[PDB]
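Here, residue 1 is the first one in the sequence, and each next residue gets the next number.
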Amino acid sequence: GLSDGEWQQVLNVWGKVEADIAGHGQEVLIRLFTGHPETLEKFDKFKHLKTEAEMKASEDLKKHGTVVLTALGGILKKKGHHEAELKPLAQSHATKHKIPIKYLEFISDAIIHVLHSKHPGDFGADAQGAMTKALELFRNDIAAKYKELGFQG
Ligand code: HEM
């Protein structure tokens with residue numbers, strides 16, 4: 001669905017995320033977890049964390065922050081030819097972590113909140129359009145693999 005024009009857009013904005021990955025990673029997860037509290041319970045690793053504060057204090061959260069965004073960057077760099085790297089993830093997210101497609105919706109809303117918050121004024125209408133689009137693409141493909149595996153429908 002995306003044009004090069006757009007992918008350029010997508011990879012420029014990713015350059016902001018890369019300057020401080022554990023930084024963007026931490027806030028993504030915190031925003032996910034606070035706005036959507038039910039999501040925290042899918043992690044036996046973070047479930048203990050009631051407060052936000054307590055969350056921001058967590059190096060383990062930060063370290064996950066970095067894994068999550070290191071994996072997406074990888075997909076994103078691939079400009080849609082990502083069957084190779086998304087196959088593994090759709091699998092583990094479906095059958096083992098048992099993460100509903102709607103929680104991937106949420107973190108996608110989260111990546112966008114976080115970029116405005118942290119980049120107030122240099123993440124324009126075009127880049128937001130492009131960022132939205134590659135995150136939907138990521139999502140539509142997991143969705144295809146969830147259907148297959150017959151997980152939630
Ligand atoms: C932006 C999309 C996401 C990416 C790229 C991603 C990436 C990853 C990676 C690479 C791992 C470890 C490798 C594996 O176990 O497959 C993982 C583990 C996990 N994911 Fe995700 N994730 C994403 C979204 C989510 C969401 C939205 C949830 C649920 C609310 C979730 C739940 C989990 C859990 C519970 C683990 C296991 C961590 C542990 O126990 O060490 N993931 N994630």
Please report, to 0.1 Å, the donor-acceptor pairs under 3.5 Å made by any side chain of residues 53-68, with sequence neighbours excluded.
residue	atom	partner	partner atom	Å
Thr66	OG1	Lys62	O	3.4

N/O donor-acceptor pairs under 3.5 Å from side chains in residues 36-45, not counting sequence neighbours:
residue	atom	partner	partner atom	Å
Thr39	OG1	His36	O	2.6
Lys42	NZ	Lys98	O	2.7
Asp44	OD1	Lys47	NZ	2.6

Validation: residues 146-153 side-chain donor-acceptor distances under 3.5 Å, sequence neighbours left out:
residue	atom	partner	partner atom	Å
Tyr146	OH	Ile99	O	2.7
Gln152	OE1	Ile101	N	2.8

Anything under 3.5 Å between a donor and an acceptor, one on a side chain of residues 130-139, the other on a protein residue two or more places apart or in another chain? List them.
residue	atom	partner	partner atom	Å
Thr132	OG1	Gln128	O	2.7
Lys133	NZ	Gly1	O	3.1
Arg139	NH1	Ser108	OG	3.0

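Listed by chain and number, the residues in a side chain to side chain donor-acceptor pair (under 3.5 Å) with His82 are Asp141 (sequence neighbours excluded). Under the salt bridge (charged side-chain N to carboxylate O under 4.0 Å, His left out) criterion, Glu105 pairs with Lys102, not counting sequence neighbours. In this structure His97 satisfies the side chain to side chain donor-acceptor pair (under 3.5 Å) test with no other residue, sequence neighbours excluded. Listed by chain and residue number, nothing satisfies the side chain to side chain donor-acceptor pair (under 3.5 Å) test with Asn12 (two or more places apart in sequence, or in another chain). Scored by the side chain to side chain donor-acceptor pair (under 3.5 Å) test, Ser3 finds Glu6 as partners (sequence neighbours excluded).
Annotation for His48: atom NE2 counts as buried by contact number, over 12 foreign heavy atoms lying within 6.0 Å. Remark: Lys79 NZ is loosely packed, at most 12 non-hydrogen atoms of other residues, nucleotides or ligands lying under 6.0 Å away.
Taking 4.5 Å as the limit, some side-chain heavy atom of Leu29 sits within range of a side-chain heavy atom of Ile107.
Annotation for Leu2 and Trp7: closest pair CB-NE1, 3.5 Å, computed over non-hydrogen atoms. Nearest heavy-atom pair, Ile21 versus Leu69, reported as atom, atom and distance to 0.1 Å: O-CD1, 4.0 Å. Minimum interatomic distance between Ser117 and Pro120 (heavy atoms only, all atoms of both residues): O-CG, 2.8 Å. Listed here is the closest heavy atom pair of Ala127 and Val13: CB-CG2, 3.4 Å.
One distance of note links CG of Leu76 with CD1 of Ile111; it measures 8.0 Å at 0.5 Å rounding. Put simply, OG1 on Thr34 and CZ on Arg31 are 6.5 Å apart, with the number rounded to the nearest 0.5 Å.
In terms of modelled atom types and a separation under 3.5 Å, the side chain of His93 and the main chain of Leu89 share a donor-acceptor contact.
Screening residues 9-27 for salt bridge (charged side-chain N to carboxylate O under 4.0 Å, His left out) gives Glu18-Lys77 as the qualifying pairs, with residues at least two apart or on separate chains. Screening residues 84-93 for salt bridge (charged side-chain N to carboxylate O under 4.0 Å, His left out) gives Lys78-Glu85 as the qualifying pairs, with residues at least two apart or on separate chains. Applying the salt bridge (charged side-chain N to carboxylate O under 4.0 Å, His left out) definition to pairs two or more places apart or across chains, none involves residues 110-130.
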Run the side-chain contact (heavy atoms from CB on, under 4.5 Å) test on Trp14 and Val17 for me, step by step, so that the C-alpha distance in whole Å, both residues' side-chain angles and the decisive distance to 0.1 Å come before the verdict.
CA-CA 5 Å; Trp14 193 258; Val17 165; 3.4 Å; yes
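Linking ILVMFWY side-chain heavy atoms closer than 4.5 Å, directly or via other members, places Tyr103 and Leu49 in a single hydrophobic cluster.
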